[PDB]
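A short write-up of the structure that comes next.
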Amino acid sequence: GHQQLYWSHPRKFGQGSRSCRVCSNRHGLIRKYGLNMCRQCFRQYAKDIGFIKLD
Amino acid sequence: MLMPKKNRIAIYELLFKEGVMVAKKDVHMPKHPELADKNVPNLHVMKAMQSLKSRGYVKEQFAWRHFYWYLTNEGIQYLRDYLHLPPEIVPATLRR
Amino acid sequence: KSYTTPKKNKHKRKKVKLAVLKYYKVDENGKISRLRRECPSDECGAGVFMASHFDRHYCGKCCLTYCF
Amino acid sequence: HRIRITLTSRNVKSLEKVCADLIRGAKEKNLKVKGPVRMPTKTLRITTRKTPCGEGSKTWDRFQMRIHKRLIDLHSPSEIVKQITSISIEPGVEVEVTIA
RNA sequence: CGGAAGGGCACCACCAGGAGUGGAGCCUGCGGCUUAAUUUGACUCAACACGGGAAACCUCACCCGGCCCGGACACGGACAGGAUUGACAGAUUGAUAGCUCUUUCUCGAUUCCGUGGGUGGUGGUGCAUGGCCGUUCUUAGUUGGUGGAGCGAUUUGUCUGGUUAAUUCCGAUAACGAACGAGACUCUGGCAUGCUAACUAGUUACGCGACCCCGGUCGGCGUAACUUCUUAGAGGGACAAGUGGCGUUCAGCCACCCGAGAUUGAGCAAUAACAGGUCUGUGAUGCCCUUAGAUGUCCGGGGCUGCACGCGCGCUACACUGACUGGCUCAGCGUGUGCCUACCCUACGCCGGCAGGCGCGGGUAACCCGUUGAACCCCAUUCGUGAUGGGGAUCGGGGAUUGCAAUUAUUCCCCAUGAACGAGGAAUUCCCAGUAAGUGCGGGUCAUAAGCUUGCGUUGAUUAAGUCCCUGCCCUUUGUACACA
Ligand SMILES: [Mg+2]
Ligand SMILES: [Mg+2]
Ligand SMILES: [Mg+2]
Ligand SMILES: [Mg+2]
Ligand SMILES: [Mg+2]
Ligand SMILES: [Mg+2]
Ligand SMILES: [Mg+2]
Ligand SMILES: [Mg+2]
Ligand SMILES: [Mg+2]
Ligand SMILES: [Mg+2]
Ligand SMILES: [Mg+2]
Ligand SMILES: [Mg+2]
Ligand SMILES: [Mg+2]
Ligand SMILES: [Mg+2]
Ligand SMILES: [Mg+2]
Ligand SMILES: [Zn+2]
């Protein structure tokens, strides 16, 4: 049966377990301090979150 | 979409009791957190609330990974006589 | 894409008129009875019935099975 | 009778204006207070390739986020110094208060 | 633009040098071959350890099979005498996918059938685009207004000279007044025995304890001062300020005193551009393609690792300035128990050669790991110029961990095997003071996880204070039949 089989595959780990919290994209993720957003979205939102480039 | 009508009226019941509706973009996650009283996944639905949008009953915005839907005056009039509510049974929108 | 055989045929519902006629005893004597077996289901007490084959019994909402 | 507040923020001047106008009130509320003791400031560094694709010179931003934190001690009864917990608050500073 | 001239500049140029690389083994990316697929983008600088790209599954876009609709909505149909959900056997399948087949049950307007339309797409188009990045271009360059010279395109201002890192200033002056860039600016480094303060940082005293012979040691225990060490705030500090030359005695340059510093390192970065890269970051996106036998999506397996060759970034080395084995003794950045979300960092006790395992504890952190007992270095053994105890590729057998699953060996261990390699042709890269180079430690990636990258320390030089020879850059003059130059 499809209803008991469509979500039985374990993605409890791996990069398939994770996605960008703006993009739903699976590459370039920054898990440092639980940002969980891709590198380009973090580039977009770094000043808004509060990471100031001063060095 | 196939779904019990009991799950369907639980969805519209929450859409009444607070005149908005928020859903994470996930057609795979087991159940809605606010609607844990019922056996209703986010798979079991967001697309019917899109159906209310496409009929005109809600208006949709989609932030980062989260749908938001807003009830309309066109939508309340339909939904109350879909869930067989009188004009006495009203959301927080009609009450102070 | 190319393919191998014709498509796998979908299961079809065999249309039977008055699908309750396999079930009850209708006679001029004032009686009513059940041809098939009643379900021992806990959630469905005495409402619905089994699928009495020549081999085993099956009830639907509870997916219940009693063989021989 | 001994409470301790922890002031944590990112901007140092609006942290230390709260950290000063609380102590100025605490000295005129006739207490025995220990002043600002400053924990080492936590700099959060993220170095990221600037380019969305993999083209160009290999350039990197070094984004930083400095977080500053103070401890203030009060040898005071509670309601004597429960004004300054909820007054002189600016939208940047989080307060973490303990007693025991 | 010049294999034209003049004036300057830059270790992505050169000199003087240093380490190398190109030679070998292996890692990894690219091409090529092969293949069901070996997904794809990028090809001088500005593609080639790049896409944060260390892919077992997922990722995944590629291939071979099998499910699902997750086709909104509208109209017309059938439809409670049933539109249609779901299913245990048994075949069938790869499979406990009712996926189908035979048999009947269940469920109840949620549906399904068609017709329009819509949705989704790591499909295409970066030669339609946005945003972002890179590059021209790390050099000093760029532009209005008003006035002047030209019919005009244009030019002047924006400059003869001196000077500067600088279109930086003095000065000159048909220009005058301005704007950006440069500079200023913010962070970072160095300095304060003066300020603020410290039971989550200590120092010094004093009391007690332990060991030795009144004293010495103690990160052994504890409290009266203080903030030197530590933390991080407020200030101070340095300006070519002082002296002596050089200088239109200007702008400024050289040397020296006094002193922590007489040039710390970055960030930001103009106008104009480029068919540069990205549609595979995006629910940024136009158009096109596809849309139920799907280019949607899911599951299972495989590939992205395939191997006659070529290239690039790297790691290990070719040993005695070394290797092995004991002993000794010093860091600085960090990170750490997660909305989803399972996965943290570990002190210490015991079993085990070892990876490991079994128990109790701390830490959401200047509190516990931790005084981060790091490596190199230093002292003592064994070696002895031998492809040797250099080197550790390749390969065999076994043992643990993570994982649903490791075979094409995930990783780590143990034993054994012991290859090339004797300092690398033409050629060629990076760099000048805490620099190169050696050396380890963090972070990212991470379930398992560094030959990569980004940071951090530790040890610490040779040579240079110059030039335009080479490669390029800037300004002026000049020539031009070039102008997608
Ligand atoms: Mg030079
Ligand atoms: Mg040379
Ligand atoms: Mg080589
Ligand atoms: Mg791997
Ligand atoms: Mg798969
Ligand atoms: Mg795969
Ligand atoms: Mg997309
Ligand atoms: Mg382009
Ligand atoms: Mg092009
Ligand atoms: Mg590959
Ligand atoms: Mg040998
Ligand atoms: Mg050896
Ligand atoms: Mg060169
Ligand atoms: Mg890499
Ligand atoms: Mg001529
Ligand atoms: Zn993103």
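Exposure proxy shown here: for C:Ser33, C:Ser2, the number of other Cβ atoms within 10 Å sets the order, fewest to most, as C:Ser2, C:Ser33.
The residue among D:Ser86, D:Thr41, D:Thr8 whose Cα reaches farthest toward the positive pole of the charge dipole of chain D, with charges on the beta-carbon of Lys, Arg, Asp and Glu, is D:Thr41. Report the far tail of the P(r) of the protein assembly as shown, meaning the percent of Cα-Cα pairs longer than 29 Å. Counting every Cα pair in the protein assembly as shown, those more than 29 Å apart make up 69 percent. In region B:8-69, if the dipole is taken from +1 on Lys/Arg beta carbons and -1 on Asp/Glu beta carbons about the Cα centre, which of B:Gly56, B:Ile11, B:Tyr68 is farthest to the positive end? Farthest towards the positive end: B:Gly56.
The angle separating the long axis of helix B:73-82 from the principal Cα axis of greatest extent in chain B is about 90 degrees. Near D:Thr6: Cβ cut-off under 10 Å, other residues only, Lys/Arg at +1 and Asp/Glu at -1. The net charge is +1. Comparing B:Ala36, B:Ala23, B:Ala48 in a Gaussian network model of chain B, where Cα atoms under 10 Å apart are tied by springs, the biggest mean-square fluctuation is seen for B:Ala36. Mean per-residue shielding of peptide A:41-53 is 4, counting Cβ atoms of other chains within 10 Å of each Cβ. Starting from the Cα gyration tensor of chain C, take the square roots of the eigenvalues, sort them a ≥ b ≥ c, and report rounded, prolate or oblate (rounded when a/c is under 1.5, otherwise prolate if a/b is larger than b/c, else oblate). In terms of gyration-tensor shape, prolate.
Short-range pairs are left out: with C-alpha atoms under 8 Å and at least six residues apart, the relative contact order of chain A is 21 percent. Relative to its residue count, region D:1-40 spans a Cα convex hull of 69 Å³ per residue. Residues in region D:57-65 carry Karplus couplings, in order, of 5, 6, 9, 9, 7, 10, 6, 10, 9 Hz; the curve used is 6.51 cos²θ - 1.76 cosθ + 1.60 with θ = phi - 60°, and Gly or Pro positions show x.
Size check on chain B: the Cα extents along the three principal axes, sorted descending, read 37, 27, 25 Å. Averaged over peptide D:47-55, the number of partner chain Cβ atoms lying within 10 Å of each residue's Cβ comes to 3. Considering only D:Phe63, C:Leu35, D:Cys19, the residue lying farthest towards the positive end of the dipole of the protein assembly as shown is D:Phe63, judged by Cα position with unit charges set on Cβ. Among D:61-72, D:29-40, sorting by the average number of other beta carbon atoms lying within 10 angstrom of each residue, highest first, gives D:61-72, D:29-40.
Legend: mean number of C-beta atoms from other chains within 10 angstrom of residue C-beta atoms, peptide A:6-17, equals 1. With a simple spin-label model that places each label point 7 Å from the Cα along the Cα-to-Cβ direction, the separation between C:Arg13 and B:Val20 comes to 4.2 nm. Rounded to the nearest 20 debye, the dipole magnitude of chain B is 180 debye, with +1 charges on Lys and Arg beta carbons, -1 on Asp and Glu beta carbons, and the Cα centre as origin.
Compactness of chain A was expressed as the Cα radius of gyration divided by 2.2 N^0.38 Å, which yields 1.53. For chain D, dividing the convex hull volume of the Cα atoms by the residue count gives 112 Å³ per residue.
For chain C, the longest piece that avoids every one of the trypsin sites (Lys or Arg not before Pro) found in DSSP loops with at most 12 other C-beta atoms within 10 Å covers C:32-60.
Any read-out appearing in this document is the output of simple, stated calculations on the displayed coordinates, not a laboratory observation. Every residue, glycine as well, gets a Cβ built from its backbone with ideal geometry; the counts of neighbours run over all protein chains shown.
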